[PDB]
Amino acid sequence: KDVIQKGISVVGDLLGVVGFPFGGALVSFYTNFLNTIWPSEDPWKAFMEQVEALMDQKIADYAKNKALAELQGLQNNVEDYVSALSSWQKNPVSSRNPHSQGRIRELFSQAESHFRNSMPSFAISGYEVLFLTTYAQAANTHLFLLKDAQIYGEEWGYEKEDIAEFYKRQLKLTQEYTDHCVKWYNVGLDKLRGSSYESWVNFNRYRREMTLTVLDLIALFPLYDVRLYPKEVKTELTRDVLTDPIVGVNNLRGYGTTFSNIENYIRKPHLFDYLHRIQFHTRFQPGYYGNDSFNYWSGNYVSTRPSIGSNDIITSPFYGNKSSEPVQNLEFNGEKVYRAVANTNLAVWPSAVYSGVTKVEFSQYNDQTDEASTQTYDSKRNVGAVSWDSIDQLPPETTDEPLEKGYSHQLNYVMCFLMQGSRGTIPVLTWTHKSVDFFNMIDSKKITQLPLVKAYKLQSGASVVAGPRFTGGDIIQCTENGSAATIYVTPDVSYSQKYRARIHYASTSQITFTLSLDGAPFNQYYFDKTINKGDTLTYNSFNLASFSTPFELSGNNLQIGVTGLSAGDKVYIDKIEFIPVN
């Protein structure tokens, strides 16, 4: 968790200063950012190590040390420019003099040039995957650095040319860095797809650890354009992640649920929801003497409640084997599960081993009544000791605080997969990022992004579909003309605040988007074609365009409709965003 936390930390801290940040937070963000990612050789070594271990492969020592040498040089330029920028922020409008301007212009240029020059040593042929966490971390520091040209460049006495040359380069690299990072993420994801359990696990560990350090980072790049995003931005990541399965033995000797039997039943892409109920089913594992025997979690139902605007609960299929003991229900309404800690047990038999999950204790937190607690599944017979802590796989954003304020992720789903040869049950849990906001609240001071996945309702046969890898979530796909998604929205104020809508989409034809509040259309405009038929979605495939007329939140249920589709045609809708307007 050294590395995984550093990545969870940085997403958290960057969500604080995304869009146009206050020079207040921007500076403390930097002082904390250097302590995390740029403090030494040390993290950068562990970032290489991490993917080496995720891939059972190794980086040639010649290229490992080339990269490390660049990185010490960058660190020096970065430390130096942050020392400078902290003085610029402190000192007043009338100690800015021609010489303190020029000093900071040359440290910035020397940070920014040294980065361009250095990135190819994290992308060296044949080792692109193994460098991917390193690349993405530096990539981010380059883009996050580049935006202070747009904030302070006038202040620093850059002429208009130099500023606009920086901005153009920031746009191009946001794109190169995004499409590189996705491409190799997927290369190395596909090397890992096997057919055994023992391989599903690693494929998945690659998928979690890549998501936490690479994909969630790149989702924030388009928000460093602090002229498209000239206020602070309020935002969230919708992607789910799967913690390693809960077994009581490191090697199952071939009775693992197979690759195709895990991967095809984990949740397909779907509208966002919240963990509402788990129901534990419980069987008895006989021990080969009676004294080494235990009860264990054989299966379950999960009930989730959908995103705000609909209370009708989605109770699942049954997963696993039905209970011989009594059932246990844990109702989770109004609660956020921030942790799960689990006990296993096992029983050696003269030519067989049986294992199961005997106890699971969930830390939850209630922010209506700001109060933490715990709720638990015990089997009631021979629990053994904890062999599994969601903390090790999903660390805290902030260690300063106690876990119920600092947690990174909360528990959204639970599936029980069955081992081959009726030997046992494997739990697999599913997690969502804390950044999500159940209320779908539209800030009056910040630009506010709503992923269409927080709809509670699709119509006209729109579907939820696998995200292109960089949106930090999944997307909605419209193939018919008409409605497509209703999303419930909560004004943060009760005066007549006015907004501009702005929609992030990809289209095969020219189309007409239409927004409506409690049934009443308010915006209607024309939008360009961004792709051709069957193209596969890269950064440039998408597009972010304004509706003309401004409006107020006269209601809650906002509806997105579309028209101008032929046969063949397709519209992907990532996000919708509101920008307050005087």
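Heads up, the sequence shown is in the authors' numbering, so the first residue is 63 and it goes up one at a time. For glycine and all other residues, C-beta sits at the position ideal for the given N, C-alpha and C.
A contact between stretches requires three or more CB pairs, one per stretch, nearer than 8 angstroms, and the stretch 232-242 meets this requirement with the stretch 277-295. Straight across, the Cα-Cα distance linking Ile308 with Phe609 is about 48 angstroms. For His332, there is no enclosing alpha helix (DSSP H), since its DSSP letter is neither H nor E.
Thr548 sits in a strand when the DSSP states are folded into three classes. When the five nearest sequence neighbours on each side are left out, the beta carbons in the same chain lying within less than 7 angstroms of the beta carbon of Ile453 are those of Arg401, in order along the chain. Under the three-state reduction of DSSP, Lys126 is assigned to helix. Inclusion of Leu520 and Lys637 in the CB contact set at 8 angstroms is not warranted, their separation being larger than that value.
A check of alpha carbon separations from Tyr550 across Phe501, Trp493, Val249 identifies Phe501 as the nearest.
Judged by DSSP in its simplified three-state form, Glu393 adopts strand. Setting aside the 5 residues that flank it on each side, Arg562 is surrounded in the same chain by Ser608, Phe609, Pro612, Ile641, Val643, each with a C-beta closer than 7 angstroms to its C-beta; the list follows chain order. In this model, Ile635 and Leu627 are separated by some 14 angstroms (Cα to Cα). Separation of the CB atoms of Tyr567 and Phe584 is rounded to 18 angstroms, and the pair is thereby denied contact status at 8 angstroms. Per DSSP, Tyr239 lies in no beta strand (DSSP E); the unbroken alpha helix (DSSP H) holding it starts and ends at 222-252. In this structure, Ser365 sits away from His343, with a CB-CB distance that is not shorter than 8 angstroms. Every alpha helix (DSSP H) of 4 residues or more that sits fully in the stretch 463-530 is shown, in chain order, as 465-468.
Under the DSSP definition of a beta bridge, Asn619 partners with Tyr550.
Fully enclosed beta strand (DSSP E) runs of no fewer than 3 residues occupy 398-411 of the stretch 396-422, in order along the chain. DSSP, reduced to helix, strand and coil, places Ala200 within a helical segment of the structure shown. In the displayed model, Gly349 falls within coil according to three-state DSSP, outside both helix and strand.
With respect to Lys421, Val445 sits close: the two C-beta atoms are nearer than 8 angstroms.
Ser148 sits in a helix when the DSSP states are folded into three classes. Contact annotation: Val140 and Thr240 have beta-carbon atoms that are not nearer than 8 angstroms.
Contact between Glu614 and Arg564 fails: their C-beta atoms lie close to 16 angstroms from each other, not under 8 angstroms. DSSP, read as helix, strand or coil, puts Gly81 in strand. When the beta-carbon positions are compared, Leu473 and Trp493 come within less than 8 angstroms of each other. Taking each of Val399, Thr305, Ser413, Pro154 in turn and checking the Cα distance to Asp429, the smallest one comes out for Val399. For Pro368, the uninterrupted beta strand (DSSP E) run begins and ends at 356-368, by DSSP. By the criterion of a C-beta distance shorter than 7 angstroms, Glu103 is surrounded in its chain by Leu130, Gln134, once the five residues flanking it on both sides are discounted. Contact annotation, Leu299 with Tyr475: C-beta distance approximately 16 angstroms; criterion of less than 8 angstroms not satisfied. Straight across, the Cα-Cα distance linking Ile538 with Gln172 is about 42 angstroms. Under DSSP, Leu606 forms a beta bridge with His566. Note: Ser157 is not bridge-paired with any residue in the DSSP secondary-structure output. Scanning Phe91, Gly310, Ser616 for the CA closest to the CA of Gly581 turns up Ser616. From the listed residues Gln151, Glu397, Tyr124, the smallest Cα separation to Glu217 is found for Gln151. Taking the Cα of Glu294 as reference, the smallest distance to any Cα among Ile509, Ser90, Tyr214, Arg270 is reached at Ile509. Taking C-beta atoms as the reference points, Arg301 and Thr275 fail to come closer than 8 angstroms.
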